[PDB]
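Everything below concerns the one structure shown next.
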Amino acid sequence: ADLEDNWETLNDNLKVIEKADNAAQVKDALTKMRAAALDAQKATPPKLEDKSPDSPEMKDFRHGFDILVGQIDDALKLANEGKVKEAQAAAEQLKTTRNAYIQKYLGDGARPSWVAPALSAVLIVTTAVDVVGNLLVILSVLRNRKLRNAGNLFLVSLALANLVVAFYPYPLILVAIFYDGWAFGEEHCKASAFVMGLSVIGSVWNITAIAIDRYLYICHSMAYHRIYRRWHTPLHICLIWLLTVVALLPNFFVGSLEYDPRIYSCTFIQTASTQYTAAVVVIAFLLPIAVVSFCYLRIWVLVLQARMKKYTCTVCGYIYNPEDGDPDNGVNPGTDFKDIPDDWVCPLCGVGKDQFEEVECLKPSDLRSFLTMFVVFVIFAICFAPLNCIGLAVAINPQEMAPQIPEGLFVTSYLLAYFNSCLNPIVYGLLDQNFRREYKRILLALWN
Ligand SMILES: COc1ccc2[nH]c(-c3ccccc3)c(CCNC(C)=O)c2c1
Ligand SMILES: [Zn+2]
């Protein structure tokens, strides 16, 4: 057999022993692993190609396999006895040592010089803005009682979803750039990769639940108010997080969470299972986008048709708000001005609904901050649109599309996706007046 193929063969068997269900499956895979490691010991590596045989260059990697095959021999002793959990454990100890004397053997891959600084600078920016920005968001929702009440409890759920990733995966990835490889165990590999899944998927579905809430608060305002919220919203916030965990469990059976040298981060592999990947691209993207687009489309047509707009009085200045109605005069909160009967008079001066001019301005803060929550979604779709397309190309034709996906393009997609984590609070401050106010209030309180 070859040497590069010998590296690819025993590395494939290393995935089989993991997903194996019995000791005979493990024993069989360790047989194909002992012979492949021995045939690699006969071959000459590319790094010590011009070096001498007795030299600690070619004789250096010779004892590396002696440590390896000996460890396999200890691992198949357990497998022979029937101990599957014991033999699979010793195989992970075979994995940690093998990676420490494999990077010393060959260097096939070639990362373009710009990935290391780009990725790291992006990560540094994102982590710094994510930790500060989404923390202010949490504090402002938790301190402001009127703000939190306006279905903005989902914003906390989303802020933590952004936050968690800045605290565990993002800093580890930055160590993996500076050390040119995964400096942590297989333990921290799949764990960091899993935290990323929760973040990315949890964010889509949180954005989805906000899209539904604002659809039902503007278009079904009457029926909406009939339906409680008190114990409702914490239940859906919990439910969406459990739905996410479930969506992420096939990764442990399909083995799609390993280190990606292209993006220097231990993440989800599109090739590992094209079926699961295809599902991930629908369930965690195409489907929420499809349902969220319907929701904001139905809002924008109502905003276009002049419905759910404020009507300011020409005489005393009283402003009608469809969100509040005029309940003491028999008009319920959620009733549009166009819907109040012609006999209605101003609750402050007494002039009829004939001398009431509408507010032409459709400010972001209006209708529970609908158009700013909209922007948040658009930005999400922009950042995650390329990667999900790359995932879609691979899920369909891996034989023709997968080797035709440029490395330089794949990095650009993960760069955008990583950048999303810090952006959400910035958009709140630029459009939403109340958040901006609260951001200022916190900073002012911190300097006094
Ligand atoms: C469901 O299993 C997981 C598990 C871990 C994952 N981590 C990421 C990800 C994190 C940051 C930036 C971009 C992608 C995805 C999203 C991966 N989506 C695609 C289409 O490849 C992910 C998925
Ligand atoms: Zn008036």
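Every number here is computed from the coordinates shown, using simple stated rules; none is lab data. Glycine also receives a Cβ, built like all others from the backbone with ideal geometry; neighbour counts cover every protein chain displayed.
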Helix 169-178 sits off the longest principal axis of the Cα atoms of the chain, rounded to the nearest 10 on a 0 to 90 degree scale, by 40 degrees
How about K353: which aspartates and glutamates have a C-alpha closer than 17 Å to its C-alpha, ignoring those fewer than 8 places off in the same chain? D324, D326, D328, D336, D339, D342, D343
In degrees between 0 and 90, to the nearest 10, how far off the longest principal axis of the chain does helix 84-100 point, with axes built from Cα atoms? 80 degrees
First check a/c for the stretch 75-205, with a ≥ b ≥ c the square roots of the eigenvalues of its C-alpha gyration tensor; if it is under 1.5, answer rounded, and if not, answer prolate when a/b is larger than b/c or oblate otherwise. oblate
Is the stretch 4-50 best put as rounded, prolate or oblate by its Cα gyration tensor, with a ≥ b ≥ c the root eigenvalues, rounded for a/c under 1.5, and otherwise prolate when a/b is larger than b/c, oblate when not? prolate
Can you give me the Cα centroid spacing of the stretch 296-372 and the stretch 178-206 in angstrom? 47 Å
Percent breakdown of C-alpha pair distances by 5 Å bin, ordered from the shortest bin, for the stretch 23-132: 2, 10, 16, 15, 12, 10, 10, 10, 8, 6, 1, 0
Nonlocal amide H pairs with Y320, under 5 Å, H built at 1.01 Å: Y311, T312, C313
Using Cβ contacts closer than 10 Å as the measure, can you line up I263, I319 from fewest to most? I319, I263
Set of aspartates and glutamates with alpha-carbon distance to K27 below 18 Å, sequence-local pairs under 8 removed: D12, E18, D73, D74, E81, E86, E92
What is the distance in Å between the Cα centres of the stretch 132-167 and the stretch 1-74? 50 Å
Filter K47/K77; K42/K85; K32/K77; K32/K85 down to the pairs with a C-alpha to C-alpha distance above 24 Å, please. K47/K77; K42/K85
Mean residue ellipticity (222 nm) of the chain, computed from DSSP H runs ≥ 4 via -39,500 (n - 2.57), nearest 500: -21500 deg cm²/dmol
Placing each pseudo-label 7 Å from Cα in the direction of the beta carbon, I442 and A100 end up separated by a distance in nanometres of 4.3 nm
Using the count of nearby Cβ atoms within 10 Å as a rough guide to exposure, how do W114, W344 rank from fewest to most? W114, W344
With no solvent and one equal point scatterer per Cα, compute the Debye intensity ratio I(q)/I(0) for the stretch 322-448 at 0.14, 0.20, 0.21 Å⁻¹ and report its log10, rounded to two decimals. -0.83, -1.10, -1.15
Average the reciprocal distances over every distinct pair of alpha-carbons in the chain, invert the result, and give the Kirkwood radius in Å. 25.8 Å
Between helix 366-396 and the chain, what is the angle of the helix's C-alpha long axis to the longest principal axis, kept within 0 to 90° and rounded to the nearest 10? 30 degrees
Stokes-Einstein D for the stretch 363-422 at 10 °C, 1.306 mPa s, Kirkwood Rh over Cα pairs, in µm²/s? 120 µm²/s
Using the reciprocal of the averaged 1/r over all distinct C-alpha pairs, how large is the Kirkwood radius of the stretch 160-258 in Å? 15.8 Å
